[PDB]
Amino acid sequence: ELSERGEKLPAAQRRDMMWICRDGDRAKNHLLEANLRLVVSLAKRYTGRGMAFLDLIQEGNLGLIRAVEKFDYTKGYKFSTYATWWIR
DNA sequence: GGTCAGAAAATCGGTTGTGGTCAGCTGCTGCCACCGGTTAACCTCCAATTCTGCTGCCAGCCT
């Protein structure tokens with residue numbers, strides 16, 4: 001929203017701004033790769049009726065991505081209790 | 001002890017007249033079918049035989 005209409009060159013400030021932008025996505029990817037086992041453990045109980053196993057796991061992956069989008073830390077709860085709703 | 005206007009038939013066709021009649025939407029109004037988002041104690045790794053060709057493998061003369 002700033003570079004849409006305004007141009008500035010602080011070199012160190014722009015470098016650390018891009019550093020924040022990169023490492024936020026690094027953090028998000030690390031969180032998803034941490035909770036993949038939760039996704040698999042939830043999806044292992046729906047097998048045998050209708051769909052395959054890995055389709056269920058990838059749908060749980062989409063639900064986990066949405067839960068990471070919707071997560072809030074100010075209420076102060078364990079992440080798995082919030083993410084189980086979106087995965088299911 | 002014969003010719004000419006009128007009357008009386010269907011006949012082909014235009015008027016017409018209204019009497020419904022059916023649909024063609026047209027709101028419209030309620031409703032109902034369908035799609036999307038959301039839920040905050042915790043609990044984080046699966047259910048037989050026959051034949052031909054190919055590749056992987058190990059000793060072993062040769063340099």
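Values for this structure:
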item	result
Per-region count, region A:1-31, residues within 16 Å of DNA strand B (Cβ to nearest atom) and either in contact (Cβ under 8 Å) with a residue 12 or more places away in the chain or of a type in the set (D, E) (or both)	2
Tally, over region A:70-88, of residues that are within 13 Å of A:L32 (Cβ to Cβ) and in a helix (DSSP H, G or I)	4
Of residues in region A:1-31 being basic (K, R) and more than 19 Å from A:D72 (Cα to Cα), the one nearest to the chain's Cα centre (by Cα)	A:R22
Yes/no for A:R88 being touching a residue at least 40 places away in the same chain (Cβ under 8 Å), farther than 23 Å from A:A27 by Cβ and either more than 6 Å from DNA strand B (Cβ to nearest atom) or exposed (fewer than 10 other Cβ atoms within 10 Å of the Cβ) (or both)	yes
Residue in region A:32-44 that is surrounded by the fewest Cβ atoms within 10 Å (Cβ to Cβ), counting only those that are more than 6 Å from DNA strand B (Cβ to nearest atom) and more than 14 Å from the chain's Cα centre (by Cα)	A:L42
Residues (surrounded by 12 or more Cβ atoms within 10 Å (Cβ to Cβ), among the charged types (D, E, K, R) and farther than 19 Å from A:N29 by Cβ) located in region A:45-67	A:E59
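The numbers here are math on the coordinates, done by the rules we state, and not lab data. Every residue, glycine among them, receives a Cβ derived from its backbone with ideal geometry; neighbour counts consider all protein chains shown.
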